[PDB]
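Visitor: Sending over a structure as structure tokens; questions will come in a sec.
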Amino acid sequence: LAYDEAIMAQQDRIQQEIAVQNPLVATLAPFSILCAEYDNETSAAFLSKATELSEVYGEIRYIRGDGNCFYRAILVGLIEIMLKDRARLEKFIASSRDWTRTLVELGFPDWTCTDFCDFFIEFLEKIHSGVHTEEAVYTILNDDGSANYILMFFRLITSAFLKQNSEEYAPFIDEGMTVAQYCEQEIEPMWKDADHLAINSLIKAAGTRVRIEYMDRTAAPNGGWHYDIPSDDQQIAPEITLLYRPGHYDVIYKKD
Amino acid sequence: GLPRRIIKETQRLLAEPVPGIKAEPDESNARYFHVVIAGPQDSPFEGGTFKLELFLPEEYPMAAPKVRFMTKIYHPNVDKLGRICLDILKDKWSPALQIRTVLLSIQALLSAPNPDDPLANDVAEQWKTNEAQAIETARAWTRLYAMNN
Amino acid sequence: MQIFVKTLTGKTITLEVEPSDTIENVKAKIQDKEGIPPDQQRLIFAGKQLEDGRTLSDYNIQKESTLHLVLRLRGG
């Protein structure tokens, strides 16, 4: 327990080495840039997947692997949509103010959670008015201070959404944790990886529609492994695609 | 200036207080917090007052406050150099928590004499094998150190 | 005996299995109906992950019990 303090300094020396190398949210880059990471001898399996995907996929946006990748990836996906569809933006602002009131109603720490919401709402409102542009938004999304404050909101709703439907999701949790126990340990704090259960909640809480491309080294069905959330009787096209390589998420764009 | 999370949290922590705890910012650094926790009812630390130092790191609230005891204290959670062993200051920290949470929790380690103590200190094992001797020691150390001027 | 496997996608399926069956076989059977392969699957009963080695009887799974299935999508 006296040794603990000196491993926090490791978990910072490593976190900062990852932090200087690449931004929280990168600019767009051609999908071929991904293939570059793989060569036909040392990593042929991945190179196949990468090459197959490039038939469908045009650009890739790298997300810093810091424990928050999934949440950061989703929020970029959303923001982008909202800058191309004004109604969507206006609809999201309205449903966000609801989350605020839903949060206090669910017994979250009042003023702190409310302030996270208020900070995101003011962000969205300034995008709507015209204070922030396409270029300013991406500058904000890269400042660690601002970016993580916004991200906290999405972590909060993922938690909110779970508690809101506890009786329903509790059997999915394991190691004998309760819904609240899982949330507080796994979803509410920063730097904590997202799992399927969290992934489902954020997507549903956000009211969006997502395809995940499961790039692993295994033989797959034609077009590779993928997963749609939510999967429906409907056939509405996914509005955000994520690339999933083991333990990591980046945002990827269909070709045009 | 500062991020809003500190500005607001100060204002709220001054206009509302926490019963048993004085907590005011340093006049020179707004991230520096001087704290006196007065020893709680029916606990070995009855009648003594303990100074603490809280600091808010650059990345706060995305990482816990740094908190240390100045006033020397016989306790299985607090060592020679004043360092506090508390879950919500390491593993269980959430940005939804705040200074008020840290304070209450620390207070409740004494309050509320938290034993604690399923961990391994030289103080903790003494508190394990016999409550009797250990509880009195902490009454003695309150007398020697926690008071007064 | 029949069992149910509930998935996060708002779907439930049903399987014909024996208490001698390894968790591996149960996973294999899910693959036959869904497509999801054994190594992408996590199964959970009574708030505990079922283990590739053991069998249904080892976990005390009865007639008409519901298992829960999540995917391996942990990522950072």
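Residue numbering restarts at 1 for every chain of the structure tokens, chains are lettered A, B, ... in their displayed order, and ligands are numbered from 1 as they appear.
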Could you tell me which residues of chain A sit within 8 Å of chain B when counting only C-alpha atoms, and give me the result as a PDB file with N, CA, C and O atoms, in the first residue's frame?

Guide:
ATOM      1  N   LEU A   1       0.831  -1.247   0.000  1.00  0.00           N
ATOM      2  CA  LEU A   1       0.000   0.000   0.000  1.00  0.00           C
ATOM      3  C   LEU A   1       0.854   1.281   0.000  1.00  0.00           C
ATOM      4  O   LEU A   1       0.370   2.360  -0.355  1.00  0.00           O
ATOM      5  N   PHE A 108     -27.974  10.670  -8.574  1.00  0.00           N
ATOM      6  CA  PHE A 108     -26.585  11.023  -8.864  1.00  0.00           C
ATOM      7  C   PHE A 108     -26.226  12.241  -8.019  1.00  0.00           C
ATOM      8  O   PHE A 108     -27.121  12.981  -7.609  1.00  0.00           O
ATOM      9  N   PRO A 109     -24.922  12.447  -7.733  1.00  0.00           N
ATOM     10  CA  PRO A 109     -24.483  13.664  -7.042  1.00  0.00           C
ATOM     11  C   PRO A 109     -24.906  14.907  -7.803  1.00  0.00           C
ATOM     12  O   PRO A 109     -24.405  15.164  -8.895  1.00  0.00           O
ATOM     13  N   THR A 112     -22.481  18.490  -9.428  1.00  0.00           N
ATOM     14  CA  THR A 112     -21.387  18.030 -10.295  1.00  0.00           C
ATOM     15  C   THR A 112     -21.897  17.468 -11.613  1.00  0.00           C
ATOM     16  O   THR A 112     -21.497  17.925 -12.684  1.00  0.00           O
ATOM     17  N   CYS A 113     -22.779  16.476 -11.519  1.00  0.00           N
ATOM     18  CA  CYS A 113     -23.411  15.895 -12.691  1.00  0.00           C
ATOM     19  C   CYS A 113     -24.177  16.949 -13.489  1.00  0.00           C
ATOM     20  O   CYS A 113     -24.077  16.988 -14.718  1.00  0.00           O
ATOM     21  N   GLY A 145      -8.577  19.151 -21.272  1.00  0.00           N
ATOM     22  CA  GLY A 145      -9.463  19.713 -20.255  1.00  0.00           C
ATOM     23  C   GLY A 145     -10.914  19.677 -20.692  1.00  0.00           C
ATOM     24  O   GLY A 145     -11.756  19.061 -20.034  1.00  0.00           O
ATOM     25  N   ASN A 148     -12.382  15.836 -22.061  1.00  0.00           N
ATOM     26  CA  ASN A 148     -12.745  14.908 -20.996  1.00  0.00           C
ATOM     27  C   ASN A 148     -13.953  15.350 -20.185  1.00  0.00           C
ATOM     28  O   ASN A 148     -14.613  14.528 -19.546  1.00  0.00           O
ATOM     29  N   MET A 152     -17.297  13.000 -20.040  1.00  0.00           N
ATOM     30  CA  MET A 152     -17.925  12.592 -18.785  1.00  0.00           C
ATOM     31  C   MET A 152     -19.423  12.478 -18.905  1.00  0.00           C
ATOM     32  O   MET A 152     -20.034  11.615 -18.276  1.00  0.00           O
ATOM     33  N   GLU A 184     -20.423   2.232 -10.920  1.00  0.00           N
ATOM     34  CA  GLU A 184     -19.534   3.108 -10.153  1.00  0.00           C
ATOM     35  C   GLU A 184     -18.075   2.720 -10.320  1.00  0.00           C
ATOM     36  O   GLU A 184     -17.198   3.579 -10.333  1.00  0.00           O
ATOM     37  N   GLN A 185     -17.830   1.419 -10.428  1.00  0.00           N
ATOM     38  CA  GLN A 185     -16.491   0.893 -10.601  1.00  0.00           C
ATOM     39  C   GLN A 185     -16.026   1.004 -12.057  1.00  0.00           C
ATOM     40  O   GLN A 185     -14.910   1.447 -12.331  1.00  0.00           O
ATOM     41  N   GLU A 188     -18.582   4.871 -14.582  1.00  0.00           N
ATOM     42  CA  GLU A 188     -18.497   6.255 -14.135  1.00  0.00           C
ATOM     43  C   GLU A 188     -17.081   6.855 -14.071  1.00  0.00           C
ATOM     44  O   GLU A 188     -16.910   8.032 -14.403  1.00  0.00           O
ATOM     45  N   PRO A 189     -16.059   6.066 -13.665  1.00  0.00           N
ATOM     46  CA  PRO A 189     -14.733   6.658 -13.612  1.00  0.00           C
ATOM     47  C   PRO A 189     -14.114   6.800 -14.992  1.00  0.00           C
ATOM     48  O   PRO A 189     -14.532   6.124 -15.929  1.00  0.00           O
ATOM     49  N   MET A 190     -13.123   7.675 -15.115  1.00  0.00           N
ATOM     50  CA  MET A 190     -12.410   7.841 -16.373  1.00  0.00           C
ATOM     51  C   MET A 190     -11.446   6.688 -16.588  1.00  0.00           C
ATOM     52  O   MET A 190     -11.210   5.883 -15.689  1.00  0.00           O
TER      53      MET A 190
END

Visitor: So that each row is one residue of chain A with an atom at most 7 Å from chain C, can you give its shortest atom pair and the distance in Å to one decimal, using only C-alpha atoms, rows by chain and rising number, as a tab-separated table?

Guide:
residue	atom	partner	partner_atom	distance
A:65	CA	C:76	CA	5.6
A:66	CA	C:76	CA	6.1
A:67	CA	C:76	CA	4.0
A:68	CA	C:76	CA	5.6
A:69	CA	C:76	CA	4.9
A:70	CA	C:76	CA	6.4
A:171	CA	C:47	CA	6.0
A:172	CA	C:68	CA	6.0
A:173	CA	C:47	CA	5.9
A:174	CA	C:47	CA	4.2
A:175	CA	C:48	CA	5.3
A:176	CA	C:47	CA	4.8
A:193	CA	C:76	CA	4.6
A:194	CA	C:74	CA	5.5
A:195	CA	C:74	CA	4.3
A:196	CA	C:73	CA	5.5
A:230	CA	C:9	CA	6.7
A:231	CA	C:9	CA	6.3
A:247	CA	C:75	CA	3.9
A:248	CA	C:75	CA	4.6
A:249	CA	C:75	CA	6.5

Visitor: Could you write those residues out with C-alpha atoms, as an mmCIF file, in the first residue's frame?

Guide:
data_model
loop_
_atom_site.group_PDB
_atom_site.id
_atom_site.type_symbol
_atom_site.label_atom_id
_atom_site.label_comp_id
_atom_site.auth_asym_id
_atom_site.auth_seq_id
_atom_site.Cartn_x
_atom_site.Cartn_y
_atom_site.Cartn_z
ATOM 1 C CA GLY A 65 -6.032 4.619 -26.748
ATOM 2 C CA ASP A 66 -6.373 5.914 -23.177
ATOM 3 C CA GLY A 67 -9.139 3.778 -21.676
ATOM 4 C CA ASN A 68 -11.778 6.146 -23.063
ATOM 5 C CA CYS A 69 -11.478 5.223 -26.744
ATOM 6 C CA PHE A 70 -14.991 3.825 -27.222
ATOM 7 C CA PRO A 171 -28.240 -10.615 -15.023
ATOM 8 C CA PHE A 172 -25.653 -9.582 -17.637
ATOM 9 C CA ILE A 173 -23.208 -8.257 -15.036
ATOM 10 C CA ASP A 174 -20.748 -10.696 -13.440
ATOM 11 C CA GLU A 175 -18.293 -11.353 -10.589
ATOM 12 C CA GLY A 176 -21.472 -10.902 -8.516
ATOM 13 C CA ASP A 193 -12.379 0.398 -20.854
ATOM 14 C CA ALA A 194 -15.837 -0.149 -22.305
ATOM 15 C CA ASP A 195 -17.360 -3.616 -22.580
ATOM 16 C CA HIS A 196 -20.349 -4.934 -24.568
ATOM 17 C CA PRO A 230 -29.147 -2.021 -32.499
ATOM 18 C CA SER A 231 -29.969 -5.092 -34.623
ATOM 19 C CA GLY A 247 -8.619 -3.953 -27.220
ATOM 20 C CA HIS A 248 -9.066 -0.788 -29.334
ATOM 21 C CA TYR A 249 -11.618 1.453 -31.199
#

Visitor: Interatomic distance between atom CA of residue B:139 and atom CA of residue B:18?

Guide: 24.4 Å

Visitor: Might you pull out every residue within 9 Å of residue A:75, with only C-alpha atoms counted and same-chain residues fewer than 5 positions away left off, and present them as a tab-separated table (two decimals) with N, CA, C and O atoms, in the first residue's frame?

Guide:
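Saved result, part-v7.tsv, follows:
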chain	number	residue	atom	x	y	z
A	70	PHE	N	-13.62	4.04	-26.78
A	70	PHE	CA	-14.99	3.83	-27.22
A	70	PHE	C	-15.88	5.04	-27.04
A	70	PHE	O	-16.57	5.44	-27.97
A	80	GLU	N	-20.16	14.76	-35.53
A	80	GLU	CA	-20.06	14.84	-37.00
A	80	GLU	C	-21.40	14.84	-37.69
A	80	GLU	O	-21.61	15.60	-38.63
A	150	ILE	N	-16.59	16.95	-21.61
A	150	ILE	CA	-17.62	16.50	-22.53
A	150	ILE	C	-17.79	14.98	-22.45
A	150	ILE	O	-18.92	14.48	-22.46
A	151	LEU	N	-16.68	14.26	-22.38
A	151	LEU	CA	-16.76	12.81	-22.39
A	151	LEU	C	-17.49	12.31	-21.17
A	151	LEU	O	-18.24	11.34	-21.24
A	154	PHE	N	-21.16	11.49	-21.52
A	154	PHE	CA	-21.50	10.23	-22.15
A	154	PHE	C	-21.26	9.05	-21.23
A	154	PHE	O	-22.00	8.06	-21.28

Visitor: May I have the residues within 8 Å of stretch 94-103 of chain A as a list in words, using only C-alpha atoms and disregarding those fewer than 4 positions away in the same chain?

Guide: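 The contact residues come out as residues 90, 107, 108, 113, 114, 117, 121, 157 and 160 of chain A.
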
Visitor: Would you output that residue set with C-alpha atoms, as a short mmCIF file (atom, residue, chain, number, x, y, z; two decimals), in the first residue's frame?

Guide:
data_model
loop_
_atom_site.label_atom_id
_atom_site.label_comp_id
_atom_site.auth_asym_id
_atom_site.auth_seq_id
_atom_site.Cartn_x
_atom_site.Cartn_y
_atom_site.Cartn_z
CA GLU A 90 -31.61 20.47 -32.09
CA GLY A 107 -29.82 9.86 -7.21
CA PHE A 108 -26.58 11.02 -8.86
CA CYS A 113 -23.41 15.89 -12.69
CA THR A 114 -25.66 18.87 -13.46
CA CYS A 117 -24.62 18.36 -18.53
CA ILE A 121 -25.38 21.79 -23.48
CA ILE A 157 -25.68 8.67 -19.49
CA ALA A 160 -27.91 6.47 -16.04
#

Visitor: As a PDB file with N, CA and C atoms, in the first residue's frame, please: the residues near stretch 163-169 of chain A (cut-off 7 Å, only C-alpha atoms, same-chain neighbours under 4 positions excluded).

Guide:
ATOM      1  N   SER A 159     -24.191   5.271 -17.629  1.00  0.00           N
ATOM      2  CA  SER A 159     -24.483   4.789 -16.293  1.00  0.00           C
ATOM      3  C   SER A 159     -25.972   4.945 -15.996  1.00  0.00           C
ATOM      4  N   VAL A 179     -25.919  -3.752 -10.401  1.00  0.00           N
ATOM      5  CA  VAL A 179     -25.884  -2.738 -11.467  1.00  0.00           C
ATOM      6  C   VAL A 179     -25.157  -1.483 -11.001  1.00  0.00           C
ATOM      7  N   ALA A 180     -25.482  -1.032  -9.796  1.00  0.00           N
ATOM      8  CA  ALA A 180     -24.884   0.174  -9.251  1.00  0.00           C
ATOM      9  C   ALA A 180     -23.402  -0.024  -8.993  1.00  0.00           C
TER      10      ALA A 180
END

Visitor: Taking the chain letters and numbering used in this document, name the residues of stretch 44-139 of chain B that DSSP puts in helix (DSSP H, G or I), as a PyMOL selection string.

Guide: chain B and resi 87-89+99-107+122-129+131-139

Visitor: For the residues in the current selection, export C-alpha atoms as a short mmCIF file (atom, residue, chain, number, x, y, z; two decimals), in the first residue's frame.

Guide:
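In the end it all went to part_34.cif:
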data_model
loop_
_atom_site.label_atom_id
_atom_site.label_comp_id
_atom_site.auth_asym_id
_atom_site.auth_seq_id
_atom_site.Cartn_x
_atom_site.Cartn_y
_atom_site.Cartn_z
CA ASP B 87 -10.16 3.83 -1.81
CA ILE B 88 -11.79 6.92 -3.38
CA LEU B 89 -8.37 8.63 -3.55
CA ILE B 99 -13.99 17.53 -2.10
CA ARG B 100 -17.02 17.23 0.19
CA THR B 101 -16.92 13.47 -0.53
CA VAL B 102 -13.25 13.18 0.35
CA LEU B 103 -13.73 15.06 3.61
CA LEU B 104 -16.76 13.12 4.89
CA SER B 105 -15.09 9.84 4.00
CA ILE B 106 -11.88 10.73 5.86
CA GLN B 107 -13.94 11.99 8.80
CA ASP B 122 2.21 -2.26 11.78
CA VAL B 123 -0.65 -0.28 13.29
CA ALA B 124 -3.32 -2.43 11.62
CA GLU B 125 -2.06 -5.75 13.00
CA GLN B 126 -1.91 -4.16 16.46
CA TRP B 127 -5.56 -3.15 15.99
CA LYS B 128 -6.31 -6.70 14.73
CA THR B 129 -4.85 -8.83 17.55
CA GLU B 131 -8.63 -3.54 20.04
CA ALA B 132 -8.06 -2.89 23.75
CA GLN B 133 -4.42 -1.71 23.73
CA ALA B 134 -4.62 0.07 20.36
CA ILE B 135 -7.69 2.23 21.11
CA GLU B 136 -5.98 3.59 24.24
CA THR B 137 -2.75 4.40 22.36
CA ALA B 138 -4.75 6.61 19.96
CA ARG B 139 -6.26 8.41 22.98
#

Visitor: Can you list, as JSON, numbers by chain, every residue of chain B that DSSP puts in strand (DSSP E or B)?

Guide: {"B": [18, 21, 22, 23, 24, 25, 32, 33, 34, 35, 36, 37, 38, 49, 50, 51, 52, 53, 54, 55, 66, 67, 68, 69, 75, 78, 83, 84, 110, 113]}

Visitor: Atoms to include: C-alpha atoms. Write the selected residues as a PDB file, in the first residue's frame.

Guide:
ATOM      1  CA  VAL B  18     -19.483  20.631   6.552  1.00  0.00           C
ATOM      2  CA  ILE B  21     -14.760  20.394   9.412  1.00  0.00           C
ATOM      3  CA  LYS B  22     -13.156  23.725   8.593  1.00  0.00           C
ATOM      4  CA  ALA B  23     -11.986  23.806   4.957  1.00  0.00           C
ATOM      5  CA  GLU B  24     -10.768  27.011   3.313  1.00  0.00           C
ATOM      6  CA  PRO B  25      -8.553  27.693   0.237  1.00  0.00           C
ATOM      7  CA  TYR B  32      -4.440  24.565  -2.251  1.00  0.00           C
ATOM      8  CA  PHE B  33      -6.795  23.736   0.602  1.00  0.00           C
ATOM      9  CA  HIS B  34      -6.153  23.924   4.344  1.00  0.00           C
ATOM     10  CA  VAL B  35      -8.430  21.659   6.351  1.00  0.00           C
ATOM     11  CA  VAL B  36      -9.026  21.162  10.068  1.00  0.00           C
ATOM     12  CA  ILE B  37     -11.079  18.099  10.997  1.00  0.00           C
ATOM     13  CA  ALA B  38     -12.088  18.140  14.658  1.00  0.00           C
ATOM     14  CA  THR B  49      -8.189  18.807  16.089  1.00  0.00           C
ATOM     15  CA  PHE B  50      -6.312  17.495  13.012  1.00  0.00           C
ATOM     16  CA  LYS B  51      -4.881  19.683  10.167  1.00  0.00           C
ATOM     17  CA  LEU B  52      -4.999  18.306   6.612  1.00  0.00           C
ATOM     18  CA  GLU B  53      -3.747  19.474   3.192  1.00  0.00           C
ATOM     19  CA  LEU B  54      -5.748  18.913   0.037  1.00  0.00           C
ATOM     20  CA  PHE B  55      -4.508  19.745  -3.441  1.00  0.00           C
ATOM     21  CA  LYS B  66      -4.106  14.659  -3.276  1.00  0.00           C
ATOM     22  CA  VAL B  67      -4.696  14.542   0.471  1.00  0.00           C
ATOM     23  CA  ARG B  68      -2.287  14.261   3.409  1.00  0.00           C
ATOM     24  CA  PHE B  69      -2.470  14.514   7.204  1.00  0.00           C
ATOM     25  CA  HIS B  75      -4.547   5.105  12.893  1.00  0.00           C
ATOM     26  CA  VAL B  78      -2.587   6.980   8.093  1.00  0.00           C
ATOM     27  CA  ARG B  83      -0.344   9.662   3.824  1.00  0.00           C
ATOM     28  CA  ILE B  84      -3.998   8.572   3.691  1.00  0.00           C
ATOM     29  CA  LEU B 110     -12.468   8.364  12.587  1.00  0.00           C
ATOM     30  CA  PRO B 113     -14.066   4.899  14.159  1.00  0.00           C
TER      31      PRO B 113
END

Visitor: Need to verify the contact set: stretch 46-48 of chain B, 9 Å, only C-alpha atoms, exclusion of same-chain residues closer than 3 positions in sequence. Can you return it as a CSV table (one decimal) with N, CA, C and O atoms, in the first residue's frame?

Guide:
chain,number,residue,atom,x,y,z
B,37,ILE,N,-10.0,19.0,10.6
B,37,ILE,CA,-11.1,18.1,11.0
B,37,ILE,C,-11.0,17.9,12.5
B,37,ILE,O,-9.9,17.5,13.0
B,38,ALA,N,-12.0,18.3,13.2
B,38,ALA,CA,-12.1,18.1,14.7
B,38,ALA,C,-12.5,16.7,15.0
B,38,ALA,O,-13.5,16.2,14.5
B,39,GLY,N,-11.7,16.1,15.8
B,39,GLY,CA,-11.9,14.7,16.2
B,39,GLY,C,-13.3,14.4,16.7
B,39,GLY,O,-13.9,15.1,17.6
B,40,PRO,N,-13.9,13.3,16.2
B,40,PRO,CA,-15.4,13.1,16.4
B,40,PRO,C,-15.8,12.4,17.7
B,40,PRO,O,-14.9,11.9,18.4
B,41,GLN,N,-17.1,12.5,18.0
B,41,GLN,CA,-17.7,11.9,19.2
B,41,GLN,C,-17.4,10.4,19.4
B,41,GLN,O,-17.5,9.6,18.4
B,42,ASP,N,-17.2,10.1,20.6
B,42,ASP,CA,-17.0,8.7,21.1
B,42,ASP,C,-16.0,7.9,20.2
B,42,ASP,O,-16.3,6.8,19.8
B,43,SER,N,-14.9,8.5,19.9
B,43,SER,CA,-13.8,7.8,19.2
B,43,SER,C,-12.5,8.3,19.9
B,43,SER,O,-12.4,9.4,20.4
B,139,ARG,N,-5.8,7.4,22.0
B,139,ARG,CA,-6.3,8.4,23.0
B,139,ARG,C,-5.1,9.2,23.5
B,139,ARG,O,-5.1,10.4,23.7
B,142,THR,N,-3.7,11.5,20.8
B,142,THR,CA,-4.5,12.7,20.7
B,142,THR,C,-4.0,13.7,21.7
B,142,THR,O,-3.9,14.9,21.4
B,143,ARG,N,-3.7,13.2,22.9
B,143,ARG,CA,-3.2,14.1,24.0
B,143,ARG,C,-1.9,14.7,23.7
B,143,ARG,O,-1.7,15.9,24.0
B,145,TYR,N,-0.3,15.1,20.7
B,145,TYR,CA,-0.2,15.7,19.4
B,145,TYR,C,-1.3,16.6,18.9
B,145,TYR,O,-1.0,17.7,18.4
B,146,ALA,N,-2.5,16.1,19.0
B,146,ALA,CA,-3.7,16.8,18.4
B,146,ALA,C,-4.1,18.1,19.1
B,146,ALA,O,-5.1,18.7,18.6
B,147,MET,N,-3.5,18.5,20.2
B,147,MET,CA,-3.8,19.6,20.9
B,147,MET,C,-2.6,20.0,21.8
B,147,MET,O,-1.9,19.2,22.2
B,148,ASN,N,-2.5,21.3,22.1
B,148,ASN,CA,-3.2,22.5,21.6
B,148,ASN,C,-2.3,23.8,21.6
B,148,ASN,O,-1.2,23.7,22.0

Visitor: By how many Å are atom CA of residue A:238 and atom CA of residue A:73 apart?

Guide: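 Taking atom CA of residue A:238 as the start and atom CA of residue A:73 as the end point, the length is 14.7 Å.
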
Visitor: Separation of atom CA of residue A:49 and atom CA of residue A:256, in Å?

Guide: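 For atom CA of residue A:49 relative to atom CA of residue A:256, the distance reads 19.8 Å.
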
Visitor: Name all residues at most 9 Å from residue A:210 (count only C-alpha atoms; drop same-chain ones fewer than 5 positions away) and give them as a list in words.

Guide: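 My reading of the contact set: residues 74, 203, 227, 228, 229, 230, 237, 238, 239, 240, 241 and 242 of chain A.
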
Visitor: Write to file, as a PDB file, in the first residue's frame, the residues of the selection just made, with N, CA and C atoms.

Guide:
ATOM      1  N   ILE A  74     -17.501   7.276 -30.135  1.00  0.00           N
ATOM      2  CA  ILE A  74     -18.926   7.526 -30.323  1.00  0.00           C
ATOM      3  C   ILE A  74     -19.219   9.023 -30.412  1.00  0.00           C
ATOM      4  N   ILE A 203     -25.067   3.476 -26.800  1.00  0.00           N
ATOM      5  CA  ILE A 203     -25.699   3.538 -28.106  1.00  0.00           C
ATOM      6  C   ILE A 203     -27.190   3.746 -27.968  1.00  0.00           C
ATOM      7  N   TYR A 227     -20.799  -6.230 -36.247  1.00  0.00           N
ATOM      8  CA  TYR A 227     -21.913  -6.202 -35.295  1.00  0.00           C
ATOM      9  C   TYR A 227     -22.671  -4.886 -35.306  1.00  0.00           C
ATOM     10  N   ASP A 228     -23.982  -4.993 -35.492  1.00  0.00           N
ATOM     11  CA  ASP A 228     -24.873  -3.839 -35.544  1.00  0.00           C
ATOM     12  C   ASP A 228     -25.596  -3.615 -34.215  1.00  0.00           C
ATOM     13  N   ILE A 229     -25.561  -2.383 -33.733  1.00  0.00           N
ATOM     14  CA  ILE A 229     -26.248  -2.031 -32.501  1.00  0.00           C
ATOM     15  C   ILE A 229     -27.018  -0.733 -32.746  1.00  0.00           C
ATOM     16  N   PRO A 230     -28.362  -0.820 -32.783  1.00  0.00           N
ATOM     17  CA  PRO A 230     -29.147  -2.021 -32.499  1.00  0.00           C
ATOM     18  C   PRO A 230     -29.457  -2.865 -33.736  1.00  0.00           C
ATOM     19  N   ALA A 237     -29.624   1.983 -42.522  1.00  0.00           N
ATOM     20  CA  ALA A 237     -28.151   1.979 -42.583  1.00  0.00           C
ATOM     21  C   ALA A 237     -27.505   2.615 -41.351  1.00  0.00           C
ATOM     22  N   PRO A 238     -26.393   2.023 -40.867  1.00  0.00           N
ATOM     23  CA  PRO A 238     -25.657   2.523 -39.704  1.00  0.00           C
ATOM     24  C   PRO A 238     -25.076   3.900 -39.964  1.00  0.00           C
ATOM     25  N   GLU A 239     -25.153   4.778 -38.966  1.00  0.00           N
ATOM     26  CA  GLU A 239     -24.690   6.153 -39.136  1.00  0.00           C
ATOM     27  C   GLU A 239     -23.313   6.446 -38.520  1.00  0.00           C
ATOM     28  N   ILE A 240     -22.750   5.469 -37.820  1.00  0.00           N
ATOM     29  CA  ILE A 240     -21.364   5.530 -37.395  1.00  0.00           C
ATOM     30  C   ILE A 240     -20.798   4.127 -37.531  1.00  0.00           C
ATOM     31  N   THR A 241     -19.652   4.024 -38.196  1.00  0.00           N
ATOM     32  CA  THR A 241     -18.906   2.782 -38.175  1.00  0.00           C
ATOM     33  C   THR A 241     -17.659   2.931 -37.318  1.00  0.00           C
ATOM     34  N   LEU A 242     -17.441   1.946 -36.455  1.00  0.00           N
ATOM     35  CA  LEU A 242     -16.213   1.855 -35.674  1.00  0.00           C
ATOM     36  C   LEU A 242     -15.407   0.660 -36.147  1.00  0.00           C
TER      37      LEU A 242
END
